[PDB]
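Peer 1: What follows is protein-v1.cif, made up of mmCIF, N, CA, C and O atoms:
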```
data_work
loop_
_atom_site.label_atom_id
_atom_site.label_comp_id
_atom_site.auth_asym_id
_atom_site.auth_seq_id
_atom_site.Cartn_x
_atom_site.Cartn_y
_atom_site.Cartn_z
N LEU R 981 0.80 -1.22 0.00
CA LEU R 981 0.00 0.00 0.00
C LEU R 981 0.84 1.27 0.00
O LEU R 981 0.33 2.33 -0.36
N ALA R 982 2.11 1.19 0.40
CA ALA R 982 3.01 2.33 0.28
C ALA R 982 3.68 2.41 -1.08
O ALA R 982 4.21 3.48 -1.43
N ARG R 983 3.68 1.32 -1.84
CA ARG R 983 4.52 1.19 -3.02
C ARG R 983 3.74 0.99 -4.32
O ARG R 983 4.26 1.30 -5.39
N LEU R 984 2.50 0.50 -4.25
CA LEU R 984 1.62 0.38 -5.40
C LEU R 984 0.34 1.15 -5.13
O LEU R 984 -0.16 1.18 -4.00
N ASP R 985 -0.20 1.78 -6.18
CA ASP R 985 -1.53 2.37 -6.08
C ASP R 985 -2.62 1.30 -6.25
O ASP R 985 -2.37 0.19 -6.72
N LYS R 986 -3.84 1.68 -5.84
CA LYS R 986 -4.95 0.74 -5.65
C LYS R 986 -5.11 -0.28 -6.76
O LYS R 986 -5.16 -1.49 -6.51
N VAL R 987 -5.22 0.19 -8.01
CA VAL R 987 -5.56 -0.69 -9.13
C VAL R 987 -4.55 -1.83 -9.27
O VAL R 987 -4.91 -2.94 -9.66
N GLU R 988 -3.29 -1.57 -8.93
CA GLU R 988 -2.25 -2.60 -8.98
C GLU R 988 -2.10 -3.33 -7.66
O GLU R 988 -1.85 -4.54 -7.64
N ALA R 989 -2.25 -2.61 -6.54
CA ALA R 989 -2.14 -3.22 -5.22
C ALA R 989 -3.18 -4.31 -5.01
O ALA R 989 -2.90 -5.32 -4.35
N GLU R 990 -4.40 -4.12 -5.54
CA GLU R 990 -5.44 -5.14 -5.43
C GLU R 990 -4.97 -6.51 -5.90
O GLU R 990 -5.36 -7.53 -5.33
N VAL R 991 -4.15 -6.56 -6.95
CA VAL R 991 -3.67 -7.85 -7.44
C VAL R 991 -2.76 -8.52 -6.43
O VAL R 991 -2.82 -9.74 -6.23
N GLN R 992 -1.90 -7.75 -5.77
CA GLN R 992 -0.98 -8.30 -4.78
C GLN R 992 -1.66 -8.61 -3.45
O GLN R 992 -1.45 -9.68 -2.87
N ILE R 993 -2.48 -7.68 -2.96
CA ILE R 993 -3.12 -7.85 -1.65
C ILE R 993 -4.01 -9.09 -1.62
O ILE R 993 -4.04 -9.82 -0.63
N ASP R 994 -4.74 -9.36 -2.71
CA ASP R 994 -5.62 -10.53 -2.72
C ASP R 994 -4.84 -11.84 -2.61
O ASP R 994 -5.38 -12.82 -2.09
N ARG R 995 -3.60 -11.87 -3.08
CA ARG R 995 -2.76 -13.05 -2.84
C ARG R 995 -2.40 -13.20 -1.37
O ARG R 995 -2.30 -14.32 -0.86
N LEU R 996 -2.20 -12.09 -0.67
CA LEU R 996 -1.98 -12.14 0.78
C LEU R 996 -3.27 -12.45 1.54
O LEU R 996 -3.24 -13.18 2.53
N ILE R 997 -4.40 -11.90 1.10
CA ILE R 997 -5.67 -12.22 1.75
C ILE R 997 -5.97 -13.71 1.67
O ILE R 997 -6.25 -14.35 2.69
N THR R 998 -5.91 -14.29 0.47
CA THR R 998 -6.24 -15.70 0.34
C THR R 998 -5.22 -16.60 1.03
O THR R 998 -5.60 -17.61 1.64
N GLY R 999 -3.93 -16.27 0.95
CA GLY R 999 -2.93 -17.08 1.63
C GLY R 999 -3.09 -17.06 3.14
O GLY R 999 -2.99 -18.09 3.80
N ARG R 1000 -3.32 -15.87 3.71
CA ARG R 1000 -3.55 -15.76 5.15
C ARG R 1000 -4.86 -16.41 5.56
O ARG R 1000 -4.92 -17.15 6.55
N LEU R 1001 -5.94 -16.13 4.82
CA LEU R 1001 -7.25 -16.66 5.17
C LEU R 1001 -7.29 -18.19 5.12
O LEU R 1001 -7.88 -18.83 5.99
N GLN R 1002 -6.67 -18.79 4.10
CA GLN R 1002 -6.51 -20.24 4.09
C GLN R 1002 -5.63 -20.73 5.23
O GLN R 1002 -5.83 -21.85 5.73
N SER R 1003 -4.66 -19.93 5.67
CA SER R 1003 -3.84 -20.30 6.81
C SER R 1003 -4.54 -20.13 8.14
O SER R 1003 -4.16 -20.78 9.12
N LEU R 1004 -5.55 -19.26 8.22
CA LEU R 1004 -6.34 -19.12 9.44
C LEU R 1004 -7.48 -20.13 9.51
O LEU R 1004 -7.81 -20.60 10.60
N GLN R 1005 -8.10 -20.47 8.37
CA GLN R 1005 -9.03 -21.59 8.33
C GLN R 1005 -8.38 -22.87 8.85
O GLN R 1005 -9.01 -23.64 9.58
N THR R 1006 -7.13 -23.12 8.46
CA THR R 1006 -6.43 -24.32 8.90
C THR R 1006 -6.22 -24.34 10.40
O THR R 1006 -6.32 -25.40 11.04
N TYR R 1007 -5.92 -23.19 11.00
CA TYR R 1007 -5.79 -23.12 12.45
C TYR R 1007 -7.11 -23.42 13.15
O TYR R 1007 -7.18 -24.27 14.04
N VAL R 1008 -8.18 -22.72 12.76
CA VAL R 1008 -9.48 -22.90 13.40
C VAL R 1008 -9.96 -24.35 13.26
O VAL R 1008 -10.45 -24.95 14.22
N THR R 1009 -9.83 -24.92 12.06
CA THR R 1009 -10.20 -26.32 11.84
C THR R 1009 -9.49 -27.26 12.81
O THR R 1009 -10.12 -28.13 13.41
N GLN R 1010 -8.18 -27.09 12.97
CA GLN R 1010 -7.44 -27.99 13.84
C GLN R 1010 -7.65 -27.70 15.32
O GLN R 1010 -7.46 -28.60 16.14
N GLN R 1011 -8.02 -26.47 15.69
CA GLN R 1011 -8.46 -26.22 17.06
C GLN R 1011 -9.82 -26.84 17.35
O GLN R 1011 -10.05 -27.33 18.46
N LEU R 1012 -10.73 -26.82 16.38
CA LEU R 1012 -12.00 -27.52 16.54
C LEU R 1012 -11.79 -29.00 16.81
O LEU R 1012 -12.52 -29.61 17.60
N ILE R 1013 -10.82 -29.61 16.13
CA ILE R 1013 -10.53 -31.02 16.36
C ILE R 1013 -9.89 -31.25 17.72
O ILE R 1013 -10.26 -32.18 18.44
N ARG R 1014 -8.91 -30.42 18.10
CA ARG R 1014 -8.33 -30.53 19.44
C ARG R 1014 -9.37 -30.32 20.54
O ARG R 1014 -9.43 -31.10 21.50
N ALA R 1015 -10.18 -29.27 20.42
CA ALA R 1015 -11.19 -29.00 21.44
C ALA R 1015 -12.14 -30.17 21.62
O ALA R 1015 -12.50 -30.52 22.75
N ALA R 1016 -12.56 -30.79 20.51
CA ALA R 1016 -13.41 -31.97 20.58
C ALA R 1016 -12.72 -33.17 21.23
O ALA R 1016 -13.40 -34.09 21.68
N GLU R 1017 -11.38 -33.19 21.28
CA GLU R 1017 -10.68 -34.26 21.99
C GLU R 1017 -10.43 -33.95 23.46
O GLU R 1017 -10.43 -34.87 24.28
N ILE R 1018 -10.18 -32.69 23.81
CA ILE R 1018 -10.15 -32.32 25.22
C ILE R 1018 -11.52 -32.48 25.85
O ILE R 1018 -11.65 -32.90 27.01
N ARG R 1019 -12.57 -32.14 25.11
CA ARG R 1019 -13.94 -32.37 25.56
C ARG R 1019 -14.18 -33.83 25.94
O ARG R 1019 -14.88 -34.11 26.92
N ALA R 1020 -13.60 -34.76 25.19
CA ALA R 1020 -13.71 -36.18 25.54
C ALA R 1020 -12.98 -36.52 26.83
O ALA R 1020 -13.43 -37.41 27.56
N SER R 1021 -11.87 -35.85 27.12
CA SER R 1021 -11.21 -36.01 28.42
C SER R 1021 -11.93 -35.26 29.54
O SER R 1021 -11.82 -35.65 30.70
N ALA R 1022 -12.63 -34.18 29.22
CA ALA R 1022 -13.49 -33.54 30.21
C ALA R 1022 -14.66 -34.44 30.59
O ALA R 1022 -14.97 -34.62 31.77
N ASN R 1023 -15.33 -35.02 29.59
CA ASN R 1023 -16.40 -35.97 29.84
C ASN R 1023 -15.91 -37.25 30.51
O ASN R 1023 -16.72 -37.97 31.11
N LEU R 1024 -14.62 -37.57 30.39
CA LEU R 1024 -14.05 -38.68 31.14
C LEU R 1024 -13.76 -38.30 32.59
O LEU R 1024 -14.14 -39.01 33.51
N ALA R 1025 -13.06 -37.18 32.80
CA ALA R 1025 -12.76 -36.73 34.15
C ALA R 1025 -14.02 -36.38 34.94
O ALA R 1025 -14.05 -36.55 36.16
N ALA R 1026 -15.05 -35.89 34.26
CA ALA R 1026 -16.33 -35.65 34.93
C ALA R 1026 -16.92 -36.91 35.52
O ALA R 1026 -17.57 -36.85 36.57
N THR R 1027 -16.73 -38.06 34.88
CA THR R 1027 -17.26 -39.31 35.41
C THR R 1027 -16.29 -40.06 36.31
O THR R 1027 -16.73 -40.81 37.19
N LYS R 1028 -14.97 -39.89 36.13
CA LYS R 1028 -14.05 -40.32 37.18
C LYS R 1028 -14.27 -39.54 38.47
O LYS R 1028 -14.09 -40.10 39.56
N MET R 1029 -14.65 -38.27 38.38
CA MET R 1029 -15.05 -37.53 39.58
C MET R 1029 -16.23 -38.20 40.26
O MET R 1029 -16.16 -38.58 41.43
N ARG M 346 25.67 12.33 -26.03
CA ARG M 346 25.79 11.05 -26.70
C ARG M 346 25.62 9.93 -25.69
O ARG M 346 26.20 9.98 -24.60
N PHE M 347 24.83 8.92 -26.05
CA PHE M 347 24.55 7.79 -25.18
C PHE M 347 25.45 6.61 -25.51
O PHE M 347 26.22 6.62 -26.47
N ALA M 348 25.34 5.56 -24.69
CA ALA M 348 26.02 4.30 -24.95
C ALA M 348 25.32 3.48 -26.03
O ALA M 348 24.11 3.57 -26.22
N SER M 349 26.12 2.68 -26.74
CA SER M 349 25.60 1.53 -27.46
C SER M 349 25.05 0.48 -26.49
O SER M 349 25.61 0.26 -25.42
N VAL M 350 23.94 -0.15 -26.88
CA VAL M 350 23.23 -1.04 -25.97
C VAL M 350 24.03 -2.29 -25.62
O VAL M 350 23.80 -2.88 -24.55
N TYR M 351 24.97 -2.71 -26.46
CA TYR M 351 25.86 -3.80 -26.06
C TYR M 351 26.82 -3.37 -24.96
O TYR M 351 27.30 -4.22 -24.20
N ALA M 352 27.11 -2.07 -24.86
CA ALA M 352 28.02 -1.51 -23.86
C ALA M 352 27.27 -0.57 -22.92
O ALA M 352 27.81 0.45 -22.49
N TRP M 353 26.01 -0.91 -22.63
CA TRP M 353 25.09 -0.05 -21.89
C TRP M 353 25.71 0.55 -20.64
O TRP M 353 26.32 -0.15 -19.83
N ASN M 354 25.57 1.87 -20.50
CA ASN M 354 26.14 2.62 -19.39
C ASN M 354 25.40 2.32 -18.09
O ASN M 354 24.20 2.05 -18.09
N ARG M 355 26.13 2.38 -16.98
CA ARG M 355 25.54 2.33 -15.65
C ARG M 355 26.12 3.42 -14.76
O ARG M 355 27.33 3.64 -14.75
N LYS M 356 25.24 4.09 -14.01
CA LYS M 356 25.62 5.08 -13.01
C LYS M 356 24.89 4.79 -11.71
O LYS M 356 23.71 4.43 -11.72
N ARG M 357 25.59 4.96 -10.59
CA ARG M 357 24.99 4.82 -9.26
C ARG M 357 24.58 6.19 -8.71
O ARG M 357 25.37 7.13 -8.71
N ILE M 358 23.33 6.27 -8.26
CA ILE M 358 22.80 7.44 -7.55
C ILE M 358 22.64 7.09 -6.08
O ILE M 358 22.00 6.08 -5.74
N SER M 359 23.21 7.91 -5.19
CA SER M 359 23.13 7.63 -3.76
C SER M 359 23.45 8.88 -2.96
O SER M 359 24.01 9.85 -3.47
N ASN M 360 23.09 8.83 -1.68
CA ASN M 360 23.30 9.92 -0.72
C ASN M 360 22.70 11.24 -1.20
O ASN M 360 23.38 12.27 -1.27
N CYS M 361 21.42 11.22 -1.54
CA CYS M 361 20.77 12.38 -2.12
C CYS M 361 19.27 12.32 -1.87
O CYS M 361 18.72 11.28 -1.51
N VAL M 362 18.61 13.47 -2.05
CA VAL M 362 17.15 13.58 -2.03
C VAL M 362 16.64 13.80 -3.45
O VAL M 362 17.17 14.63 -4.19
N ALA M 363 15.63 13.02 -3.83
CA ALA M 363 15.08 13.00 -5.18
C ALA M 363 13.82 13.85 -5.28
O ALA M 363 13.24 14.28 -4.27
N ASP M 364 13.39 14.10 -6.52
CA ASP M 364 11.99 14.45 -6.80
C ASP M 364 11.63 13.84 -8.16
O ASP M 364 11.81 14.47 -9.21
N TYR M 365 11.12 12.61 -8.12
CA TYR M 365 10.74 11.88 -9.33
C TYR M 365 9.60 12.52 -10.11
O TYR M 365 9.36 12.12 -11.25
N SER M 366 8.88 13.48 -9.53
CA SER M 366 7.89 14.22 -10.31
C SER M 366 8.54 15.02 -11.43
O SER M 366 7.94 15.19 -12.50
N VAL M 367 9.74 15.54 -11.20
CA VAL M 367 10.45 16.30 -12.23
C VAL M 367 10.70 15.43 -13.46
O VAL M 367 10.67 15.92 -14.60
N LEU M 368 10.94 14.14 -13.25
CA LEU M 368 11.03 13.18 -14.36
C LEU M 368 9.65 12.82 -14.90
O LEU M 368 9.32 13.12 -16.05
N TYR M 369 8.83 12.17 -14.08
CA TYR M 369 7.62 11.50 -14.56
C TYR M 369 6.62 12.48 -15.17
O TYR M 369 5.98 12.16 -16.18
N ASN M 370 6.48 13.66 -14.58
CA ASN M 370 5.51 14.63 -15.09
C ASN M 370 6.05 15.47 -16.25
O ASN M 370 5.32 16.33 -16.74
N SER M 371 7.28 15.25 -16.69
CA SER M 371 7.77 15.92 -17.89
C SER M 371 7.11 15.34 -19.14
O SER M 371 6.74 14.17 -19.19
N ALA M 372 6.96 16.20 -20.15
CA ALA M 372 6.22 15.86 -21.36
C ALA M 372 7.02 15.04 -22.37
O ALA M 372 6.43 14.45 -23.28
N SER M 373 8.35 15.01 -22.25
CA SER M 373 9.18 14.49 -23.33
C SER M 373 9.13 12.97 -23.44
O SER M 373 9.30 12.43 -24.55
N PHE M 374 8.92 12.26 -22.34
CA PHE M 374 9.01 10.80 -22.37
C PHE M 374 7.81 10.17 -23.07
O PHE M 374 6.66 10.51 -22.79
N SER M 375 8.10 9.24 -23.98
CA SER M 375 7.10 8.46 -24.69
C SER M 375 6.76 7.15 -23.99
O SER M 375 5.89 6.41 -24.46
N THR M 376 7.44 6.84 -22.88
CA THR M 376 7.28 5.57 -22.19
C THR M 376 7.88 5.72 -20.80
O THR M 376 8.99 6.24 -20.66
N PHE M 377 7.15 5.26 -19.78
CA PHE M 377 7.60 5.36 -18.40
C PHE M 377 6.96 4.23 -17.59
O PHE M 377 6.28 4.45 -16.58
N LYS M 378 7.16 3.00 -18.03
CA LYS M 378 6.65 1.84 -17.31
C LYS M 378 7.44 1.62 -16.03
O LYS M 378 8.64 1.87 -15.96
N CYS M 379 6.74 1.16 -14.99
CA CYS M 379 7.37 0.83 -13.72
C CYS M 379 6.85 -0.52 -13.22
O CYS M 379 5.66 -0.83 -13.36
N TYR M 380 7.75 -1.31 -12.64
CA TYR M 380 7.49 -2.70 -12.31
C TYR M 380 7.67 -2.92 -10.82
O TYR M 380 8.78 -2.76 -10.29
N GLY M 381 6.58 -3.28 -10.13
CA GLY M 381 6.59 -3.39 -8.69
C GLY M 381 6.70 -2.08 -7.94
O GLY M 381 6.85 -2.10 -6.71
N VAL M 382 6.63 -0.95 -8.63
CA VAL M 382 6.56 0.37 -8.01
C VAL M 382 5.57 1.20 -8.82
O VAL M 382 5.58 1.15 -10.06
N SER M 383 4.72 1.95 -8.14
CA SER M 383 3.86 2.88 -8.85
C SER M 383 4.63 4.15 -9.21
O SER M 383 5.39 4.67 -8.39
N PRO M 384 4.45 4.66 -10.43
CA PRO M 384 5.12 5.92 -10.81
C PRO M 384 4.79 7.09 -9.90
O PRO M 384 5.62 8.00 -9.76
N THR M 385 3.61 7.11 -9.29
CA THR M 385 3.26 8.19 -8.38
C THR M 385 3.86 7.99 -6.99
O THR M 385 4.61 8.85 -6.50
N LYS M 386 3.55 6.87 -6.35
CA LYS M 386 4.05 6.61 -5.00
C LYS M 386 5.57 6.48 -4.95
O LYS M 386 6.16 6.62 -3.87
N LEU M 387 6.21 6.21 -6.09
CA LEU M 387 7.66 6.32 -6.24
C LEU M 387 8.22 7.58 -5.60
O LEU M 387 9.28 7.54 -4.97
N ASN M 388 7.52 8.71 -5.75
CA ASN M 388 8.01 9.96 -5.21
C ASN M 388 7.85 10.06 -3.69
O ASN M 388 8.50 10.91 -3.07
N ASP M 389 7.00 9.23 -3.10
CA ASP M 389 6.86 9.17 -1.65
C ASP M 389 7.79 8.15 -1.00
O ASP M 389 7.91 8.13 0.23
N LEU M 390 8.42 7.29 -1.80
CA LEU M 390 9.19 6.15 -1.34
C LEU M 390 10.65 6.55 -1.07
O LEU M 390 11.06 7.68 -1.34
N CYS M 391 11.43 5.61 -0.54
CA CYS M 391 12.86 5.82 -0.36
C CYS M 391 13.61 4.51 -0.52
O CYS M 391 13.08 3.43 -0.24
N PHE M 392 14.87 4.62 -0.96
CA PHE M 392 15.68 3.47 -1.36
C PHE M 392 17.07 3.54 -0.74
O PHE M 392 17.53 4.60 -0.30
N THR M 393 17.74 2.39 -0.71
CA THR M 393 19.12 2.32 -0.25
C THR M 393 20.08 2.78 -1.34
O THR M 393 21.01 3.55 -1.06
N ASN M 394 19.88 2.32 -2.57
CA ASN M 394 20.72 2.66 -3.71
C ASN M 394 19.85 2.71 -4.95
O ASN M 394 18.78 2.10 -5.00
#
```
Show me, as structure tokens, the structure contained in the file I just sent.

Peer 2:
Amino acid sequence: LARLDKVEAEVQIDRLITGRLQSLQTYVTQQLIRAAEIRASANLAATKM
Amino acid sequence: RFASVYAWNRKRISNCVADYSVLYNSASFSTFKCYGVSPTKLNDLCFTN
């Protein structure tokens, strides 16, 4: 944004948007899987209690 | 007189303050393409060499 004006910057920024957004989807997806596995240990410790 | 393109001249510009508007906004140039830099924001930017 300091080095290209809008019409050209849009081409570059969208590559960063999609690369980052796909990299954040991957984090959230794998946290959903981890959380669902800690939940299984919570439901286990709740009954060992 | 300029160089022959097989013996193309090179000069280093450094330790100075520019004003690329004096170049880009002049009427004489028939071509002023810029790659990875905008011709306008070029004048707001700064370089090592």

Peer 1: Would you mind reading off the distance between CA of residue 1001 (chain R) and CA of residue 383 (chain M), one decimal, in Å?

Peer 2: 26.5 Å

Peer 1: Taking all atoms listed in the file into account, find every residue of chain R that has an atom no more than 6 Å from chain M, and write it out as a list in words.

Peer 2: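 Those within range of chain M come out as residues 982, 983, 984 and 985 of chain R.
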
Peer 1: Work out how far CA of residue 1005 (chain R) is from atom N of residue 1022 (chain R), in Å to one decimal.

Peer 2: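 For atom N of residue 1022 (chain R) relative to CA of residue 1005 (chain R), the distance reads 24.7 Å.
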
Peer 1: For the atom pair atom N of residue 1014 (chain R) and CA of residue 995 (chain R), what is the interatomic distance in Å to one decimal place?

Peer 2: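 According to the coordinates, atom N of residue 1014 (chain R) and CA of residue 995 (chain R) are separated by 27.9 Å.
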
Peer 1: Hey, what does DSSP flag as helix (DSSP H, G or I) within region 359-391 of chain M? Can you give it to me as a PyMOL selection string?

Peer 2: chain M and resi 366-369+386-389
